[PDB]
Amino acid sequence: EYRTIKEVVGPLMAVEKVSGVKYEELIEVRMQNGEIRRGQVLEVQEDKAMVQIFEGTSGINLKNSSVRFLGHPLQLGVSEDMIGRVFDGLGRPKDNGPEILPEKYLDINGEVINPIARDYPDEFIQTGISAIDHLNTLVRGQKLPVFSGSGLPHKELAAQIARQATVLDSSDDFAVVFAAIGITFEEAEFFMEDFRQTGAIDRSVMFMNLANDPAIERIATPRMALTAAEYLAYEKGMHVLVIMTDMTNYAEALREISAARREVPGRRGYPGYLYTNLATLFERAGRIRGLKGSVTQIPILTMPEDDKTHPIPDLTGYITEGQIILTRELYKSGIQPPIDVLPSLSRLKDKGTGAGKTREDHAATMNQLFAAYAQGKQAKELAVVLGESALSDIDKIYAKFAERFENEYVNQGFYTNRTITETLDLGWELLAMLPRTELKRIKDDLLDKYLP
Amino acid sequence: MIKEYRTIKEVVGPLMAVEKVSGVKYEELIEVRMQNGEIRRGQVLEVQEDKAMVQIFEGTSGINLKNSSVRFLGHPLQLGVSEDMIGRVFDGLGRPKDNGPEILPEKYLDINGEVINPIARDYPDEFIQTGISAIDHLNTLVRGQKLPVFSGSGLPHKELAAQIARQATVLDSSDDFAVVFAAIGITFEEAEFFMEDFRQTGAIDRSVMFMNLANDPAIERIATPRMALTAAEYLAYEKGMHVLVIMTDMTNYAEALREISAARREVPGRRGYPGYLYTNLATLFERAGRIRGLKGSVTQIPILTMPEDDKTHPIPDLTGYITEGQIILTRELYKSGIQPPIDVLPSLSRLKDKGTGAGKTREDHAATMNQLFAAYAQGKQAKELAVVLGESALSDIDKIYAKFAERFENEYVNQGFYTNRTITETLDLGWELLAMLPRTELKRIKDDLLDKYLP
Amino acid sequence: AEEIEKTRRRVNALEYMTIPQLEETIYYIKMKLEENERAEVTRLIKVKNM
Amino acid sequence: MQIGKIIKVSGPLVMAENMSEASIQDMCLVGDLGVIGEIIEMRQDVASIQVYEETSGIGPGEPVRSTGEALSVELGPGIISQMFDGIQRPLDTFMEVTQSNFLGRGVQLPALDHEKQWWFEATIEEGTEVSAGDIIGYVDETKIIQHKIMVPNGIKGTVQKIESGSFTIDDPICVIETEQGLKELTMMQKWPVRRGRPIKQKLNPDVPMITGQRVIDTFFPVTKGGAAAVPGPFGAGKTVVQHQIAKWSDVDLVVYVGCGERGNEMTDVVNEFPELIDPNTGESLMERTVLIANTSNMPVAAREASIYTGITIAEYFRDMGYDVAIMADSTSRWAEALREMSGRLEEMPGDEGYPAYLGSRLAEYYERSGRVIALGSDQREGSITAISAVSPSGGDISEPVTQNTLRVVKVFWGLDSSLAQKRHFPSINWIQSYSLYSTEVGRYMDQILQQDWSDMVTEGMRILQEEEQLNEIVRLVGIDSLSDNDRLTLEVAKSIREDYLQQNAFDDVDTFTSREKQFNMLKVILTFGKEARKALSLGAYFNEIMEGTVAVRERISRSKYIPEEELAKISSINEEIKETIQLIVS
Amino acid sequence: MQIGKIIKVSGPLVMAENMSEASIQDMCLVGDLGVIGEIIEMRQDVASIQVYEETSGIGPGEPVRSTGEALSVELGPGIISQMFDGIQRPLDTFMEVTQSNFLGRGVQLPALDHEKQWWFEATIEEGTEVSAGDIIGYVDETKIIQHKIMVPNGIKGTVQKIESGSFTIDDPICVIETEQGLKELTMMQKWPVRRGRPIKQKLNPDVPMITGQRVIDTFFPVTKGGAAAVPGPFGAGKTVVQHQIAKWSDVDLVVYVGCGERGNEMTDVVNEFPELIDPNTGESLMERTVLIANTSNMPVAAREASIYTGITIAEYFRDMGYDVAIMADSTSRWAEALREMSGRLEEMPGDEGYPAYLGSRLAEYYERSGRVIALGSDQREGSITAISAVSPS
Ligand SMILES: [Mg+2]
């Protein structure tokens, strides 16, 4: 143990004349009063070593305080007893339940999966939400994020998915790994209560990091969660669904620790290595040849100023296979969940649809509904620019279509669980507004069978 | 004992570094005795170990490091204040400029002054009739208020500032205003306009002037408004005067700060301006108002030109965050022939409520203000919507609002720089313009007043 | 004929006045934005050096 | 003991050597004047100190003495109706002692009146096992507010000796037998302002606060224990809104923090508030208020202190079981204060110059608010509702302070320049603004009123949104081609804006609107729209409807000025609307 | 060569002393773990190293081994029908050797098999004076392509001993009497990926490549040695178009390069291409294809070196006289790796965050493509046609 502390500059501390200290090594700080405070090495030198204290540096006398180097980084204790438990960002118990004896301790950075070892996403995931299941299908092993904004109900959305998500058939059922990143207690308490009230907790593992928690803990949170996820999926053969929020808060913790090392930022004040960082996180998903389980990621982020060009939604869309987008315009109109299907995309939907997974009219009706909805909004706009009179009788239908599409199809409620059968047959009832003539993007092999 | 050192380490621009130095305090006044015997006053910006960083007000032109010395006077920058300053004209450091008698200082004052205890403050609510309808009614100035003018280069803000000073008076009193004028980096003509105006009205004998012109050293501009405000606070609280302070151009002050800031290689904020611009500006503008138990008062009317006519620029934006409202002049209204060119919509007075009403101006002041504001905004909207889509393209009740907006600018706001309207006239004029709108549209005035005043 | 002229006015008012206003108000903003990004990054480089 | 020596002075930042036995965040006496400071950094024996007072005239060589304790507040009777400065100095006592109308230096003042005699009422009985938070008795500090004397944190034992009577806050009113020995307990307890006062458990704030502000209570409500931010440009009206909430909210206590703003505004509060009497309560508004004032031209570092001394005081009264509202005007100045210091230390800044840990700080603050079960046997309910003002440069909410704030607050009251310059007050942007409490408050309201309230708010917001989607087209194609349905929509949305949203704070009737008056006003407005909607469906024309509804639409416009005892004059409008509308179909 | 000593670890930056014998842009093995790094700066003996893998667990004292060379590629038999990453890590070999599904940190495996026996067929004979380029023999690497053993650059002289037989890529097949003395040639040569392989002369691409795609061959033709940009919006069918180009273009070899692509998108490529069929023979396209595969989470250096590794291989087979087609997807993601390296090197940003030398780097890549006269007495003629996909935000 070293009682050799040189400087304290803010929450950052300089420990001198050490040796064998590694980067990102966990440390322990015993202050003069006996109080124990834990920290992590951010920078390590010749004979100096810089650390950040998680719980701050208030009331520290450095001449009289010592530092212990734990000789290991942030690790995660894993067991199959994690299911049904609620932890904090570091993976320590938060539910006041029977403490867990880990099987082994793993590093939380994972591994880069060999390109020729990955397996294609195959299975359709029923989220129970029409706007997602039908128009932007989630497939087992995908990374399909949710682009939201401040004051937007992504909270209620995330809770709904975690609650309704299921695969058809496949009796072996889901392990939800929910990670909360730098959110308020009031919101974390919502998630924890919602999981208990419905019983989703018993098939779930929670990593709950709060807003006034250490930045270092916010950063480790999604890495810990995915580590537990990969353990359950690739060692225990479970199919794992990972929901993380808020990703925007993750980048901010990255910036805070980046400025400590005096690193000159890149685009819009974010680290140059943000891409690699986010890539390292979001790529930890999918299937692997010769293994049973899977990892499915739904990263949730809040776009600052509702701006899609912002680094965080911009770089995430590069790594993830599509995105679900929540708009304020839909929210303000009472549409919940406020999913705007037009900028929304699922790049793997073509894999989790069709007979044997969903009905044969899935990909077909999706395209038609998407088209008619765009023609509906154009029609509604026409009736304002030119007026009532310029509308064709086919235009008035398309307008009425989009209005019903928003208020009946998209607007289902955060507690309504729709089977893909109910969703598909709903989408047909809406196409029934249109004359059979207009549905030209579907075959009439399919049309004569399902058209109301 | 005179503390002096012959050990100047480095000279860079307005900054000077002195080494092997002892007992020197922060913000200490200093004199550089240049090799030619010329004296140049300065100020300690920073003290560490045996080293001292000082800013030279007159600059460091033609200075030889070896043969120069620095005297440390053992006190901050002070102003010799006296009631003898009335009618006198001083330069940026408070030194006489009008070639008159020597002022015999009653006392000396730290030009930084002291923050008035918030409990000791007396809430300013005494209505000042400026004679300008755009102000007296819609953006009411009260005695002890900080109400600046937001202008631009080539705009008539000096004409407005001079008119306010000529026509400012409270009601039911024989009081006048002691005027403290601070010139900050403004040109000769800009200065002589005020000089000649104060003479043609005799206000020059009720005034104290601190003049930093465009040919004066830029660093002097930092001390200049503090000199004026120290004179103001002295005359007001120690000599029981109601002081009206006018400072222009506040922009030049900010750009002086940035010069020193940049010279010091300080961590730059927006556009090179320091991170302490808000605080530094506030320590000027918060130096105004009334004090409980004291008869005097300080009323600040700073003038700044918005760079690029953009009020999201740091200087006007931060000022707006400090002062109690603002009077904005737009170039569009100036070209239209509006005198004064006051755009009432982005203009504001945060002290108009308790200063107006029954017993202060009239019972219908607040109501007609809100109704004129609403109608003008709607009327101006309709005006722009008719210039781009034609008169026939607009609703019949909105053309009325358009005819109102035009008439409001040309007859209410536009009054001339030499016209002094009583509040009663201004208010009665306001009702005249409300009459051209239907009674049913006046939703911000209650039927109490409508029956009583609406013609 | 009057409806044509009213419509013509708005077509013209939009094509000649409104759209070009928008078009390089946009262009102005995008270049002001990139002007400041490049200004801030040059600031931070100096702050790291000091 | 140890005396440090100054080696550098620059602005509020002082660096001194020989401070090795001192600690981080310790309070300090700096210089010969003995001004108050805080150790923020420590390199070897050299301490970096930020000074909460002016440093002009202080140089190297001068002594520095550490108090050995961090910035704290005195929590006891004598705090209500008092105005303190940033570091909790009684500004009126300051005025008396120094015999000046200004703020000097090196003046040490005890926070509370230590010689004032209060009557302590022993409610607890001797021989009772106590722990942190237990009420041993109370003092009637005001007529309404009952100041409760709780067992300080860290104290656990048995009540051995306690009695009622008249004491000062220094006289030991109670004694406790602990395992470490007998402990004397006063009515005052000290607490470090940068450490949250511990609770038993945090709860979800589900009870909506009554602010009487129609736009807030109806569309963007905040619950007791909730958190709200009011970002806006200068002249938008952030302060007036916070004052409305301060004076009309149904909370027990109000803590107003003047942080880096105008002195006259604080002066407005000490004079206006004592003359604002609640008839149901009977008592003054100042007798439920605490003021913390650190004006713009006051010491910069004291801005952060004002924020923390304010929230800690709120936590103290929260721990008694009171619902407390804490106003922060403005949080930007606090942020600007850090940024100022961040640069003086030449750190690597975050975006727009602020420190990269700006978000963490704000997070620490707002998380100290909330509805909680306070410590103690009684398990009392207490809440802290945080209302913060944010002052972004040029109203550009893209800035870090607003952005970091919106990540932790649940209510966003976005102020707009356009509304403000249209005299649309409160200038709240109803399209940008939001409340994450709308759903829950909606359930509460539906139950209390036994009306379909949630539907009305949603419909109200839907119409306001549809107006926005209609305006963005009308702005560049004109008014000409709008169908009767859309113009009706605009007329309803205009009614929501002008007859419901706009609310004069300086009016006597309009300054406050009850929950039941809000329901009636909104009902009337939507009723007109819905009944005129049906008429349009029956061949009636839009302009025929407006022509015949001039009278009844006026009653809607002047509905806001209807007295609280005559609400029947609003419910009746529903009948006239339906009556007049169908007569137009003739 | 000297082994370094880490004296500082900070983020992706590693500083190490005793690097005095090393060079700039040298590829390094940092730490006990030996993670991928590169020498960016060097004061005295102290090197500033950018580590392209996680530096967690790394600290002062640990050694640094320089590879004594810039980022390079092994060129020779065993390279066709293979899949590598950006820095030419054999993905199949990883599966076998490491016996895992992961690209482990600090794992270094040679690009080619250095133990596999090939039949060497000598075409040249004794007493023949050879210059760089001249084919001394050939080896049938696959059933489609004949791999031609060339004499490496910087080597000239008379062949003193050469014979046919079964050799590996390390055994001496030819001995050349040079001016320096007697040098023995192997079946493999190394080459840095950011230095273009020398030619005798660059020529105009005036011969149209036959794609069979009517819209291309008719209205928007590309010549052998030309270059084409292809936007890739979702649901456009770029994958179908790309496959059609790769198997129908009259090119001898195809070099596909994946740059920081989505994991699941990369898996489609890495699997649907061995499914492609060479129409002239009927075997997989892989028989005349070299595939570069990089996912987003892979080291930024690999993402950024992807198109350079690919075209160096292209240049290599080009020098044999073959017509190579280099196909990069996506170059916009490649630029991301460069943008990332720009901010990490704390350079002065150019447009939209890209480094000010983006244009140069793009020019450098595309100018290496084209029809050339390969070095050698035969003056052979080969070409590289570039089809790059741009998928912008
Ligand atoms: Mg305010």
# chains A, B, ... in the order shown; residues from 1 in each chain; ligands from 1
>>> residues_near_ligand(ligand="ligand 1", cutoff="12 Å", atoms="only C-alpha atoms and all ligand atoms", output="NGL selection string")
(:B and (320-325 or 350)) or (:D and (230-243 or 257-266 or 295-296 or 327-333 or 388-392 or 415))
>>> residues_around(residues="region 362-373 of chain D", least_positions_apart="5", cutoff="6 Å", atoms="only C-alpha atoms", output="list in words")
residues 211 and 212 of chain A; 200, 201, 202, 203, 205, 225, 226, 379, 380, 381, 382, 383 and 384 of chain D
>>> residues_around(residues="region 318-334 of chain A", least_positions_apart="2", cutoff="6 Å", atoms="only C-alpha atoms", output="NGL selection string")
(:A and (143-148 or 315-316 or 338-340 or 344-347)) or (:D and (462)) or (:E and (262))
>>> residues_around(residues="residue 158 (chain E)", least_positions_apart="3", cutoff="6 Å", atoms="only C-alpha atoms", output="NGL selection string")
:E and (127-130 or 176-177)
>>> interface_residues(of="chain E", to="chain C", cutoff="9 Å", atoms="only C-alpha atoms", output="count of residues only")
6
>>> interface_residues(of="chain D", to="chain C", cutoff="9 Å", atoms="only C-alpha atoms", output="PyMOL selection string")
chain D and resi 346-349+351-352+476-478
>>> write_last_selection(atoms="N, CA and C atoms", output="PDB file, in the first residue's frame")
ATOM      1  N   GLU D 346      -7.321  26.612 -16.215  1.00  0.00           N
ATOM      2  CA  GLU D 346      -6.840  26.190 -17.531  1.00  0.00           C
ATOM      3  C   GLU D 346      -7.051  24.698 -17.793  1.00  0.00           C
ATOM      4  N   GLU D 347      -8.186  24.171 -17.346  1.00  0.00           N
ATOM      5  CA  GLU D 347      -8.551  22.783 -17.619  1.00  0.00           C
ATOM      6  C   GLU D 347      -8.912  22.596 -19.090  1.00  0.00           C
ATOM      7  N   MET D 348      -9.085  21.345 -19.505  1.00  0.00           N
ATOM      8  CA  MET D 348      -9.674  21.054 -20.807  1.00  0.00           C
ATOM      9  C   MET D 348     -11.187  21.190 -20.695  1.00  0.00           C
ATOM     10  N   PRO D 349     -11.762  22.156 -21.420  1.00  0.00           N
ATOM     11  CA  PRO D 349     -13.198  22.428 -21.316  1.00  0.00           C
ATOM     12  C   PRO D 349     -14.046  21.431 -22.095  1.00  0.00           C
ATOM     13  N   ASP D 351     -18.028  21.283 -24.086  1.00  0.00           N
ATOM     14  CA  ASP D 351     -18.596  22.121 -25.135  1.00  0.00           C
ATOM     15  C   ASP D 351     -18.909  23.520 -24.615  1.00  0.00           C
ATOM     16  N   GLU D 352     -18.664  24.512 -25.468  1.00  0.00           N
ATOM     17  CA  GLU D 352     -18.951  25.915 -25.179  1.00  0.00           C
ATOM     18  C   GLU D 352     -18.253  26.432 -23.923  1.00  0.00           C
ATOM     19  N   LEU D 476     -46.466  30.134 -46.183  1.00  0.00           N
ATOM     20  CA  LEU D 476     -45.872  30.274 -47.510  1.00  0.00           C
ATOM     21  C   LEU D 476     -46.821  29.977 -48.675  1.00  0.00           C
ATOM     22  N   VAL D 477     -48.103  29.769 -48.393  1.00  0.00           N
ATOM     23  CA  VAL D 477     -49.090  29.660 -49.469  1.00  0.00           C
ATOM     24  C   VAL D 477     -50.288  30.574 -49.218  1.00  0.00           C
ATOM     25  N   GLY D 478     -50.452  31.016 -47.976  1.00  0.00           N
ATOM     26  CA  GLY D 478     -51.498  31.966 -47.653  1.00  0.00           C
ATOM     27  C   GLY D 478     -52.723  31.379 -46.977  1.00  0.00           C
TER      28      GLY D 478
END
>>> residues_around(residues="residue 175 (chain D)", least_positions_apart="5", cutoff="12 Å", atoms="only C-alpha atoms", output="compact mmCIF listing (two decimals) with N, CA, C and O atoms, in the first residue's frame")
# COMPACT_ATOMS: atom_id res chain seq x y z
N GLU D 125 -41.08 11.43 24.96
CA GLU D 125 -40.96 11.10 26.38
C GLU D 125 -39.63 10.43 26.68
O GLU D 125 -39.09 9.69 25.85
N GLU D 126 -39.11 10.69 27.87
CA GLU D 126 -37.79 10.23 28.26
C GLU D 126 -37.75 8.71 28.43
O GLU D 126 -38.65 8.12 29.02
N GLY D 127 -36.71 8.09 27.89
CA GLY D 127 -36.58 6.64 27.92
C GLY D 127 -36.87 6.01 26.57
O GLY D 127 -36.87 4.79 26.43
N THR D 128 -37.13 6.85 25.57
CA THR D 128 -37.44 6.39 24.22
C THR D 128 -36.17 6.23 23.38
O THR D 128 -35.32 7.12 23.36
N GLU D 129 -36.05 5.10 22.70
CA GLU D 129 -34.93 4.88 21.79
C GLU D 129 -35.09 5.70 20.52
O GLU D 129 -36.10 5.60 19.82
N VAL D 130 -34.09 6.52 20.22
CA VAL D 130 -34.16 7.41 19.07
C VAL D 130 -33.03 7.18 18.08
O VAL D 130 -31.96 6.68 18.44
N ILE D 136 -38.13 15.10 18.51
CA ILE D 136 -38.08 15.17 19.97
C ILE D 136 -38.93 16.31 20.50
O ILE D 136 -39.03 16.52 21.71
N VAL D 151 -33.60 14.40 15.60
CA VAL D 151 -32.32 13.84 16.02
C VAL D 151 -31.36 13.85 14.84
O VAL D 151 -31.65 13.25 13.80
N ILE D 155 -26.50 10.25 15.37
CA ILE D 155 -26.89 10.13 16.77
C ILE D 155 -27.92 9.02 16.97
O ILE D 155 -28.98 9.02 16.35
N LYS D 156 -27.59 8.08 17.85
CA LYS D 156 -28.48 6.97 18.15
C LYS D 156 -28.35 6.56 19.61
O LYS D 156 -27.26 6.20 20.06
N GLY D 157 -29.46 6.61 20.34
CA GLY D 157 -29.45 6.25 21.74
C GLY D 157 -30.80 6.38 22.41
O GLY D 157 -31.85 6.24 21.77
N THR D 158 -30.78 6.64 23.71
CA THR D 158 -32.01 6.72 24.50
C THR D 158 -32.17 8.10 25.14
O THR D 158 -31.22 8.65 25.69
N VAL D 159 -33.37 8.65 25.05
CA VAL D 159 -33.67 9.95 25.64
C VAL D 159 -33.64 9.88 27.16
O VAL D 159 -34.49 9.23 27.77
N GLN D 160 -32.68 10.56 27.77
CA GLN D 160 -32.49 10.50 29.22
C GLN D 160 -33.09 11.71 29.94
O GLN D 160 -33.62 11.58 31.04
N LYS D 161 -32.99 12.88 29.32
CA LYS D 161 -33.44 14.12 29.94
C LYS D 161 -33.94 15.12 28.90
O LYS D 161 -33.20 15.52 28.00
N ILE D 162 -35.21 15.51 29.01
CA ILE D 162 -35.80 16.47 28.07
C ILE D 162 -37.01 17.17 28.68
O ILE D 162 -37.79 16.57 29.42
N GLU D 163 -37.15 18.46 28.38
CA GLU D 163 -38.22 19.27 28.95
C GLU D 163 -38.58 20.43 28.03
O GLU D 163 -37.76 20.88 27.23
N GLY D 181 -21.33 7.59 24.79
CA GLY D 181 -21.51 8.45 25.95
C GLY D 181 -22.75 9.32 25.85
O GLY D 181 -23.55 9.18 24.92
N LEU D 182 -22.92 10.21 26.82
CA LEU D 182 -24.05 11.13 26.84
C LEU D 182 -23.85 12.22 25.78
O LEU D 182 -22.77 12.79 25.67
N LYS D 183 -24.90 12.50 25.02
CA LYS D 183 -24.82 13.56 24.01
C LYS D 183 -25.86 14.64 24.25
O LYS D 183 -27.05 14.36 24.41
N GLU D 184 -25.40 15.88 24.29
CA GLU D 184 -26.28 17.04 24.39
C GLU D 184 -26.74 17.45 23.00
O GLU D 184 -25.95 17.46 22.05
N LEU D 185 -28.03 17.76 22.87
CA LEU D 185 -28.59 18.13 21.57
C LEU D 185 -29.26 19.49 21.63
O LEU D 185 -30.12 19.74 22.48
N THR D 186 -28.86 20.37 20.72
CA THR D 186 -29.44 21.70 20.62
C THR D 186 -30.56 21.70 19.59
O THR D 186 -30.90 20.66 19.03
N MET D 187 -31.14 22.87 19.35
CA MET D 187 -32.18 22.99 18.33
C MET D 187 -31.55 23.19 16.96
O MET D 187 -32.21 23.05 15.93
>>> select_by_dssp(residues="region 72-225 of chain E", states="helix (DSSP H, G or I)", output="list in words")
residues 91, 92, 93, 94, 95, 96, 97, 214, 215, 216, 217, 218 and 219 of chain E
>>> select_by_dssp(residues="region 26-108 of chain D", states="strand (DSSP E)", output="MDAnalysis selection string")
chainID D and resid 26:30 35:43 46:51 63:70 72:75 83:84
>>> interface_residues(of="chain D", to="chain A", cutoff="6 Å", atoms="only C-alpha atoms", output="MDAnalysis selection string")
chainID D and resid 23:25 41:44 348 351 356:357 363:364 434 462 481:482
>>> interface_residues(of="chain E", to="chain A", cutoff="8 Å", atoms="only C-alpha atoms", output="PyMOL selection string")
chain E and resi 7-11+55-61+91-92+95+101-104+234+261-264+266-268+270-271+293-300+339-344+346+352-353+393
>>> residues_around(residues="region 421-434 of chain B", least_positions_apart="5", cutoff="9 Å", atoms="only C-alpha atoms", output="number ranges by chain")
B: 129-134, 136-137, 361-362, 364-365, 368-369, 371-372, 375, 404, 407-408, 411-412, 415, 439, 442, 453-455
>>> atom_distance(atom1="CA of residue 384 (chain E)", atom2="CA of residue 313 (chain E)")
10.5 Å
